[PDB]
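Starting off, we have a lone chain in the form deposited in one PDB entry, written out as structure tokens.
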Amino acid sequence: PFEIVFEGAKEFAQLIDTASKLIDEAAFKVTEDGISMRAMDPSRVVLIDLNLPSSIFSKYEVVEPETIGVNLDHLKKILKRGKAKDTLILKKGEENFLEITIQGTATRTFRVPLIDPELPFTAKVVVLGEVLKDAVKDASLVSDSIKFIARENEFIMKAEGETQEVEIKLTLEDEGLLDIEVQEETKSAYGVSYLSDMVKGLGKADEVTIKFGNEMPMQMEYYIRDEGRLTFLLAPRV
């Protein structure tokens, strides 16, 4: 059982929506420390790891820890009913139901039924969210895959298509590149469709840390409310 209060329903809705683009259903582990969730998309190409610490909730009361399963598609619809200034209350008792209350000008309570990484990276780059998002959109216009190239103090994203091509270079002098630590020239390619969903909802000024290796998965992480952690693991493109 628990009672968790989050200020800013819209923000929470956004997070869930992002997750729903890849995940249809998932189990949320609710502990005294926070809420965590891990799952893979249907194609088993993306792994998503979310952690929301109790510190981002205006009230976090967990009587006894518990894991709950929910349909994200159904969950998002309800959460999208909340506004930016609305407070969201998540409550769970004995029954297999989740009580979702949107409190604003009035109190609206929904009742929804509940259902039942150690990689040797050789490159780490920290870029601004705006840059990452633009790069992914540019690439989608030319190809279905985007190549990541990381060299000493240099980060490049390229996409090659039938007859078109796009390239985004970045150096320490650039405002988009905050940090870069490369042990050796690193390159690999990933599916643009996946990255599109991943960079969905991503802020403009938020810092995104990307780690990857030659022909190996990419790890992407950024924070929500500075404390919440959203980590993605994306397999390379065959």
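The term rigid core refers to the maximal set of C-alpha atoms that superpose within 1.5 Å between the two forms. Counting begins at 1, following the sequence as shown.
The form deposited in another entry exists for this protein as well; it is not shown, and the discussion that follows is about that form.
Flagged residue of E207, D41, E32, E66 - C-alpha shift reaching 2 Å or more between this form and the one not shown, core superposed: Spelled out, the residue whose C-alpha shifts by 2 Å or more is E207.
Rigid core fit then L177 CA moved by 2 Å or more between this form and the one not shown: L177 C-alpha, core-superposed: shift of 2 Å or more.
Rigid core superposed: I78 CA moves 2 Å or more between this form and the one not shown: Stays below the 2 Å threshold, so no.
Core-aligned C-alpha movement of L88 between this form and the one not shown, 2 Å or more: After core superposition, the displacement of the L88 C-alpha between this form and the one not shown stays below 2 Å, so no.
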